[PDB]
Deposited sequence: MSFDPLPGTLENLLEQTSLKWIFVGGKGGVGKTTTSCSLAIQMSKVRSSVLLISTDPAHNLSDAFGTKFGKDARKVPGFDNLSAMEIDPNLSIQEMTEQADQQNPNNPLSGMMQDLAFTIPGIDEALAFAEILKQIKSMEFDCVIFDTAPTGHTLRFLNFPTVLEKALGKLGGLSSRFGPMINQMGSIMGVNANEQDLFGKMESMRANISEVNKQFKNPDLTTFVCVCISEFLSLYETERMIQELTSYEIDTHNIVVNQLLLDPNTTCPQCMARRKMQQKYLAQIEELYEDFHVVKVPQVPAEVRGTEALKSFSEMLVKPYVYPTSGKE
């Protein structure tokens, strides 16, 4: 059933992550999906952790570390956050010394503590549905893994005596009085996030790729890593493929040949996924009108 209709239908969904090892029209897909979702929900938020301010470049507007209604829509808001900044913002704002001694034993607690607060903010703004646009490189899933990283750090801190009262209490506030209980009440906060992430009724993931060898490979490794993280996934959009059955360009014919044999592999490996196919647009997709028209092919199979 090659269309993202099943996301607009499932109204229980609160978080939808979209990701794919960059260079595959991932950003266009995130946007197109956010627009379509805004037509059928009360309040939609589109957040991106791609530092390349890809979200701005797409809508024309400039977005930043706080929610701004998107020009052209009633209920769609968008924010564009970089973790490396949110890290140095929150640390100087304090202790991190201790967190450093934590930082080498636990790689990426800083990146994870960031994500922890980013989320608490999103939750507080109460959007009916939020679409996460993951980074195009490195660990595309850092965000979904942040409870894991925190929980490790909490295991290392449990065995620590007092005198770390400062940093335990310091971590506790950036997430959400005193005692060892507050050390066990974070564990309850973490357990909460995990529950939601891992609950198919509430949060699912949509992979995007292109019909080439390397992109298939990196995409499989991502789906394995996902089922491993216990995050649900049942959609996969394949972009910039060219499907004019009778094309005359000798090159485009070669391209189409290769593409069509990998698209055949995909169709077969993922019987259990809505695999949606969308064409290569000659012009770069830009502007709140080009985007609207493009989002069409995500809900209506293209021929």
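*Asks:* What are the missing stretches of the deposited sequence, listed from start to end?
*Replies:* No coordinates exist for the deposited residues in 1 to 6, 101 to 108, 191 to 195, 323 to 329, so these stretches are absent from the model.
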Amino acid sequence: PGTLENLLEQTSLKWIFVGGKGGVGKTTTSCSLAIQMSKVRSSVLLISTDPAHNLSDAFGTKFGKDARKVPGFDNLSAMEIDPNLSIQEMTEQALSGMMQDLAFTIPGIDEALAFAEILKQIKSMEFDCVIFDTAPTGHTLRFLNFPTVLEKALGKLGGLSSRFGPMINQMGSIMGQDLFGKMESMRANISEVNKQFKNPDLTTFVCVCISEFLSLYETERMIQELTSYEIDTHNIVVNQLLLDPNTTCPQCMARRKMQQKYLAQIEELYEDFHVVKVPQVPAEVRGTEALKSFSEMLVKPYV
From here on, numbers count along this sequence of modelled residues.
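*Asks:* Could you settle it for me: does 101 to 109 or 149 to 157 have the higher average Cα B factor in the PDB entry?
*Replies:* Of 149 to 157 and 101 to 109, the stretch with the higher C-alpha B-factor average is 101 to 109.
*Asks:* Between 256 to 264 and 242 to 250, which has the larger average Cα B-factor in the PDB entry?
*Replies:* Higher mean C-alpha B-factor in the PDB entry: 242 to 250.
*Asks:* Kindly indicate the residue among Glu92, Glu218, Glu230, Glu212 with the greatest C-alpha B-factor in the PDB record.
*Replies:* Highest C-alpha B-factor among the listed options: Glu92.
*Asks:* Check where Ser124 lands among this chain's C-alpha B-factors and tell me if it's the lowest, middle or highest third.
*Replies:* Middle third - that is where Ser124 ends up once the chain's C-alpha B-factors are sorted.
*Asks:* Please place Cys207 in the lowest, middle or highest third of its chain by C-alpha B factor as given in the entry.
*Replies:* According to the entry, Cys207 has a C-alpha B-factor in the chain's lowest third.
*Asks:* In terms of the chain's CA B-factor thirds, is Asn199 lowest, middle or highest?
*Replies:* Lowest third.
*Asks:* Thinking about Cα B factors across the chain, which third does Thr11 belong to?
*Replies:* Its C-alpha B-factor, which the entry lists for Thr11, ranks in the lowest third among residues of this chain.
*Asks:* Relative to the other modelled residues in the chain, which third contains the C-alpha temperature factor of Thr61: lowest, middle or highest?
*Replies:* Highest third - that is where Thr61 ends up once the chain's C-alpha B-factors are sorted.
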